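**Q** Numbering (our numbering), first residue to last: 79 to 197. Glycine residues also receive a C-beta, built at the ideal position from the N, C-alpha and C atoms.
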Ligand SMILES: [Ca+2]
């Protein structure tokens, strides 16, 4: 679920408030269209697409599904007790968190005008 995703981000990117990823480019947070603005935005586009795939699983709701994961000593892991839905969502989140940690963050791409620039 989103709370756990937030914690993953805190796990992998301690040097930034998670809010910094909540409104970035065309895909980071609200927004699911247009040409990705940069590498970080591409991370979010992949995450968006990943959730769309997971929602094809019967009764699978990515924003709300609680999964089993662990964040310790610099390592993010999705546990083996997850059902198909939980495993899929946990992996979408994990890969995105890892993606965020390696992508440059450009302040000029925060809170851009989605209606005008993401067509
Ligand atoms: Ca999005």
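Quick check on residue 197: buried or exposed, where buried means 16 or more other Cβ atoms within 10 Å of its Cβ?
**A** In the chain shown, the residue the question calls residue 197 occupies position 119. Classification of residue 197: exposed, given that the 10 Å Cβ count is below 16.
**Q** Among all residues, which have a Cβ less than 7 Å from at least one non-hydrogen atom of ligand 1, and in what chain order do they fall?
**A** In chain order, the hits are 105, 106, 107, 108, 109, 110, 122, 126.
**Q** Does DSSP classify residue 81 as helix, strand or coil?
**A** In the chain shown, residue 81 corresponds to position 3, counting from 1. Reduced to three states, the DSSP call for residue 81 is helix.
**Q** First and last residue of the alpha helix (DSSP H) that includes residue 113?
**A** Indexing the chain shown from 1 puts residue 113 at position 35. Run containing residue 113: none; DSSP gives neither H nor E here.
**Q** How many Å lie between residue 212 and residue 168 at the Cα?
**A** Look at the range of the chain in this structure, 79 to 197, and you will see that residue 212 is not part of it.
**Q** Assuming residue 188 contacts residue 102 (C-beta within less than 8 Å), just tell me the rounded distance between them.
**A** By one-based count along the chain shown, residue 188 stands at place 110. By one-based count along the chain shown, residue 102 stands at place 24. With a contact defined as Cβ atoms closer than 8 Å, residue 188 and residue 102 qualify at about 5 Å.
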